[PDB]
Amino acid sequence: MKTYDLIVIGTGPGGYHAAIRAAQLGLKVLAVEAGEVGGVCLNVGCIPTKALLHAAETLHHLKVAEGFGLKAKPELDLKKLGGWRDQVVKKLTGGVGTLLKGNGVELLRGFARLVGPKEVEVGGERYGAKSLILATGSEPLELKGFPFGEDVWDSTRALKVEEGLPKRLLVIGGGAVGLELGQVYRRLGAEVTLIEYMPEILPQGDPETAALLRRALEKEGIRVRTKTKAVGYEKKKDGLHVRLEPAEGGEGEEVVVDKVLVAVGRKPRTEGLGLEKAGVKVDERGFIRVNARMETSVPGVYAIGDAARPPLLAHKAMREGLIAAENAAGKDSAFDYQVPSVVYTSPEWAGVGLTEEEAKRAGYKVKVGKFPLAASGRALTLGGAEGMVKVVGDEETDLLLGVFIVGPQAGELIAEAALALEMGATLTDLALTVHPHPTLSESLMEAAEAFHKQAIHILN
């Protein structure tokens, strides 16, 4: 049995961050990976999806561009697009491999399973360490009545646009994955229908900005059906006849499509991992129970990322990996941070902090400030202003509580909001910062001014 200071199972965002940070702190690390280095985000998630979205937005904007004299007869080669997507993925996963090697981390390819609290079995061989970090991630959640197959795709299959685009696609799930892939397919020419069980898409996010995103997608032809669920389907020669019903059940309604993309969630990869042999507690949902130090019920064993707890986001997994690594190295670290969320559709949607309802539930005297991109000079110079910024704060203390953005570059602008929350910023602090003009970032400053009823570019 080979021994190390730390064994990390999984090399996705969380796992490779843990391995590298642990190595920087002087630990001898072994990283085990059953598939491609880089995990879901780099191979079949964040990266390939953002790549497709960029190509789709570039194509889409050309229609807007006709407005300023740019006439074009764009021809998109899907095979070439798929090739570029693959190249981007390869460059990034290769880069992580080079990073692991350069940091002295040993990389073992195989499926790891615990056989004890501090012993892992891989390919019949045993490996041990005083610390273990479980970063096994998640997988597409299956939906009753829609088993994955040739006609029912998961997000991974949906990425392969070069394998034939369906004329009609039904997307089940109004979360980031469904919205993003849905828009990609629409912009590539497919008829797209998206259904969401909740009253509004992005159910956990601010309903107002989420609604604006839905409206933008509807304007592009995507049929969005909220408070709706898909019960099952029947395969016929003319396509898949899917039965739709109201959220709480009711009168049936049929929709016929060629393919179905199921994006209703993720399932943590914690079964068949040997956790029951190590004493690691798992909750009813399959998530490994952890505290703020990312430590499990077993001393010296940590869990991070999608396998540990929602939200299922990459930057969160990355930070959790650093925390677990630092603690495995003997430090005293803990996760207590504001986690932003972004949807990379066009316009983008981003949020961080508390929604109006959550702030109210928390006991704050909620007050909001809004700034429409229709009043943004920068948005106009970019060919059109679609979106808004909403700031949530306490009117008594002036404390900033949350920020929600819908529009171009929302994902880049939300970092300013995250920093503001981490610094305990007030709405006055946000308004007092001199944002450059003209920029989309200015909308945050103006939304803060609107909160105080003194915005300049809009009547208060």
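Note that residue numbering begins at 1 and tracks the sequence as displayed.
Out of 332-340 and 318-326, which stretch has the higher average CA B-factor listed in the record? That would be 332-340.
Once you work out the mean C-alpha B-factor for both 398-406 and 60-68 from the entry, which is higher? Per the PDB entry, the higher value belongs to 60-68.
Residue with highest C-alpha B-factor in the PDB entry, from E276, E119, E162, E139: By C-alpha B-factor in the record, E162 ranks first.
Tell me, please, which of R269, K236, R378, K390 has the highest C-alpha B factor according to the deposited entry? So the option with the highest C-alpha B-factor is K236.
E180, C-alpha B-factor rank within chain (lowest, middle or highest third): Within its chain, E180 is a lowest-third residue by C-alpha B-factor, going by the deposited values.
Select lowest, middle or highest to describe the third in which the CA B-factor of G205 falls within its chain in this entry. Highest third - that is where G205 ends up once the chain's C-alpha B-factors are sorted.
Please rank the C-alpha B-factors of the chain's modelled residues and tell me whether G351 sits in the lowest, middle or highest third. For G351, the deposited C-alpha B-factor lands in the lowest third.
Using only modelled residues of the chain, where does the Cα B factor of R309 rank: lowest third, middle third or highest third? Tercile = lowest for this residue's CA B-factor.
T226, C-alpha B-factor rank within chain (lowest, middle or highest third): Its C-alpha B-factor, which the entry lists for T226, ranks in the highest third among residues of this chain.
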